[PDB]
Number of protein chains: 2
Amino acid sequence: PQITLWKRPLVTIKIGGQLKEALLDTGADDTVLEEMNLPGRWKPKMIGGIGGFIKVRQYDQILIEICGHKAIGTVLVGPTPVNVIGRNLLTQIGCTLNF
Amino acid sequence: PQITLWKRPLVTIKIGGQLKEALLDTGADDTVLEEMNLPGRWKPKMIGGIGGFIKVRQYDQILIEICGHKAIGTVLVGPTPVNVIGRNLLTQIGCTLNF
Ligand SMILES: CC(C)CN(C[C@@H](O)[C@H](Cc1ccccc1)NC(=O)O[C@H]1CO[C@H]2OCC[C@H]21)S(=O)(=O)c1ccc([C@@H](O)CO)cc1
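Residues numbered from 1 in each chain as written, not as in the entry; some residues may be left out. Chains lettered and ligands numbered in written order. Heavy atoms only, no water. Residues with missing side-chain atoms left out of burial classes, pairs and counts.

- The deposited coordinates derive from X-ray crystallography, with the record listing a resolution of 1.8700 Å.

### What about the site of the ligand?
Inference 1: In the region of the ligand, 23 residues are neighbours, and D25(A), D29(A), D30(A), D25(B) and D30(B) sit closest.
Inference 2: What surrounds the ligand is not a single chain but chains A and B.
Inference 3: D29(B) places a polar main-chain atom, nitrogen or oxygen, 3.1 Å from an oxygen atom of the ligand.
Inference 4: Bound to the protein, the ligand loses 92% of the 770 Å² it would expose on its own.
Inference 5: Considered class by class, the residues forming the shell around the ligand number 10 nonpolar, 6 polar and 7 charged. (Near = heavy atom within 4 Å. Polar contact = N/O pair within 3.5 Å; in protein donor to acceptor, adjacent residues only side chain to side chain. Areas by Shrake-Rupley, 256 points an atom, 1.4 Å probe, with all protein chains shown as cover. Nonpolar A, V, L, I, M, F, W, Y, C, P; charged D, E, K, R; others polar.)

### Comments concerning the side chain of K20(A)
Inference 1: Of note, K20(A) is situated in strand β3 (residues 18-24).
Inference 2: Put simply, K20(A) is tucked away with no salt bridge, and the nearest opposite charge, on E34(A), sits 5.4 Å away. (Helix = DSSP H or I, 4+ residues; strand = E, 2+ residues; numbered from the N terminus. Buried < 20%, exposed > 50% of the residue type's maximum accessible area, 1.4 Å probe, protein only. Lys, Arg positive; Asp, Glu negative; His and termini not counted. Salt bridge = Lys/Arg side-chain N within 4 Å of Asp/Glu carboxyl O.)

### Concerning the interface of chain A and chain B
One frequently used descriptor of interface size is the decrease in accessible area upon assembly of the parts.
Inference 1: On the side of chain B, 37 residues touch chain A, which itself brings 38 residues to the contact.
Inference 2: A combined buried area of about 3600 Å² lies between chain A and chain B, and 62% of that area is made up of carbon and sulfur atoms.
Inference 3: Counting across the interface, chain A meets chain B through 2 salt bridges.
Inference 4: Between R8(B) and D29(A) there is a salt bridge, with the nearest N and O atoms lying 2.8 Å from each other.
Inference 5: Run the count over chain A and chain B and you get 22 residue pairs in polar contact.
Inference 6: Secondary-structure elements contributing two or more residues to the side of chain A that touches chain B are β1 (2-3), β3, β5 (43-48), β6 (53-66), α1 (87-90) and β9 (96-98) of chain A.
Inference 7: In terms of residue count, β9(A) provides more of the side of chain A that touches chain B than any other element does, 3 residues in total. (Contact = heavy atoms within 4.5 Å. Buried area = accessible area lost by both parts, 1.4 Å probe.)

### A short note on the UniProt feature "active site" in chain A
Inference 1: Look at the UniProt record and you will see "active site" annotated at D25(A).
Inference 2: Mapped onto the elements of the fold, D25(A) is located in the loop between β3 and β4 (32-33).
Inference 3: Assessed through its relative accessible area of 9%, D25(A) is described here as buried.
Inference 4: Not counting the four nearest positions on each side in its chain, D25(A) is found in contact with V84(A), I85(A), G86(A), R87(A), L90(A), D25(B), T26(B) and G27(B). (UniProt positions renumbered as here; feature names shortened; annotations may be inferred.)

### Comments concerning the sheet that holds strand β1 (residues 2-3) of chain B
Inference 1: Reading across from one edge, β1(A)-β9(B)-β9(A)-β1(B) is the order of the 4 strands in this open sheet, with antiparallel pairing throughout. Both edges of this open sheet fall to β1 of chain A together with β1 of chain B, since each of them pairs with a single strand only.
Inference 2: Relative to strand β9 (residues 96-98) of chain B, β9(A) runs antiparallel, the two being bridged by 3 bridges. Considered in β9(B), the bridge of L97(A) is made with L97(B). (Pairing = 2+ DSSP bridges.)

Take a look at the structure:
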């Protein structure tokens, strides 16, 4: 799809078998989701944003479907204000910026 | 042009008579610029992201040139670690997400 930016680019994602809403975020290197139960092993990490740093649970090699496009990569889980899909997964679904 | 997301979507901008590097950021409602001494009136604002909130100064009807594309609108100035071009200006240069 071609997504204009007059509205927040929110899309439906599927992760851990559960549907969620997430923001396509070209300014995010990484994908950061709100607290949730995800199966598998994880390692604690720190990520920095506009307001400082937060502790997150890093899940590697996680299957995630974004608006009908499959991706498999790293998902950070922690107290983010919004579910953000970062470039690590945007590249996998072939997402580009165009003007 | 078309910008892939392998690396940060950094572009050159012109604002306040200065050239700067900034992110084309679909995850930002508004444009947020690193501290700079712009003339004119402003209004205090608080914006929140990963890590919490920062205090910024809101300037209205600021002219910004993004990759040769002219735009004019709201710019938030504060202690952000990066310059981000938000949707309020991305729409004005005809920027879309595509996959
Ligand atoms: C979290 C989003 C919902 C919101 N943010 C936009 C994001 O793109 C942000 C940009 C960014 C990139 C590098 C350093 C600091 C900030 N990226 C980010 O935090 O990424 C994290 C995860 O991956 C890593 O890579 C970079 C950092 C790590 S925000 O800047 O905080 C923000 C909040 C409110 C407004 C108002 O206009 C209302 O929207 C406008 C902008």
